[PDB]
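Single chain ahead, written as structure tokens, the form solved without this ligand.
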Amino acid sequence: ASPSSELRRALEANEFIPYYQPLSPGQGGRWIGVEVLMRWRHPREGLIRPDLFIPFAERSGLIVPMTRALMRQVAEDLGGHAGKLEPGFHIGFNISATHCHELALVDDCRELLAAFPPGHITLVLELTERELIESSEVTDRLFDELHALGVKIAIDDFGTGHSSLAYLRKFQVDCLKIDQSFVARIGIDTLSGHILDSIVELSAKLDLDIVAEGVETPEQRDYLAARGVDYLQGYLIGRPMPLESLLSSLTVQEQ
């Protein structure tokens, strides 16, 4: 048995499915976007979450075709339902380091955007700080071309001092993620609060949007809103859901 060939078989069989996790405004109201998460609907094992297979897919060299198929599925799922998405609706993907080392990502982005009316959605790609520090002329050109399409870049796993500020400024990143681990310690740990404030401070300095992850309680939501955090996701807003469930909820909010 070859794990690599099994991943290829699964991709051919359309077993990698988009799940959609809603994003809510910090101050509440109708969803302003979704973050797309790749699940494996395995016929024997059931539904497998991406942390259990994406790292291996990256090692195998298959992550880019998998992400491409995901982006194509999203276009087919949502391109016909623009009337249920308020103009400017965010669609987010986690992009692998290898995908950032190639210019094909620009074509992949252009294609997804063409499935919606012009300007109707905002595509958001989520990267790590490593992709900015370990950058080349290819990176410069990629981000430039993505930005000209109207694509936004969100960064996780970043430092908040002057060193990190230089990278974020050079590449004109658009958003910062607050990791769930910080959100979970709201009201429990003073240091975590100080870290969270440092992230908010860096965002203010560079005029970045902030997305907070793992928002599970009204306390957490209110704490984050008080600091002007733009977007929230987590159990309080909703778990990642299949298309059928997303369309049902969007129909309701369209009210």
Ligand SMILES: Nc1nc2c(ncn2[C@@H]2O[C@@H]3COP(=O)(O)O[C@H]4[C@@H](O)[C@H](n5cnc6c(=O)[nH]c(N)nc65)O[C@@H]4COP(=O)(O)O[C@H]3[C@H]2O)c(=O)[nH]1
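A residue's number is simply how far along the shown sequence it sits, counting from 1.
Omitted from view is the form deposited with this ligand bound, to which the following refers.
I need to confirm a contact call. Of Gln73, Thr160, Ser96, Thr122, which residue comes within 4.5 Å of this ligand in the deposited bound form, counting heavy atoms only?
The residue from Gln73, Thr160, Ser96, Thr122 that makes the contact is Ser96.
Joint contact, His90, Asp230 and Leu246 to this ligand in the deposited bound form, by non-hydrogen atom at 4.5 Å
Heavy-atom distance to this ligand in the deposited bound form: none of the three under 4.5 Å.
4.5 Å heavy atom contact, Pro25 and this ligand in the deposited bound form:
The answer is no: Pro25 has no heavy atom within 4.5 Å of this ligand.
In the deposited bound form, does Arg39 have a heavy atom within 4.5 Å of this ligand?
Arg39: contacts this ligand in the deposited bound form.
Do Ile195 and this ligand share at least one heavy atom pair within 4.5 Å in the deposited bound form?
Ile195 lies outside the contact set for this ligand.
May I ask you to state whether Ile54 is within 4.5 Å of this ligand in the deposited bound form, using heavy atom distances?
Flag for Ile54 set to yes.
Using a 4.5 Å heavy atom cut-off, indicate which stretch of 134-142, 81-89, 114-122, 151-159 touches this ligand in the deposited bound form.
In the other structure, the partner sits against 151-159.
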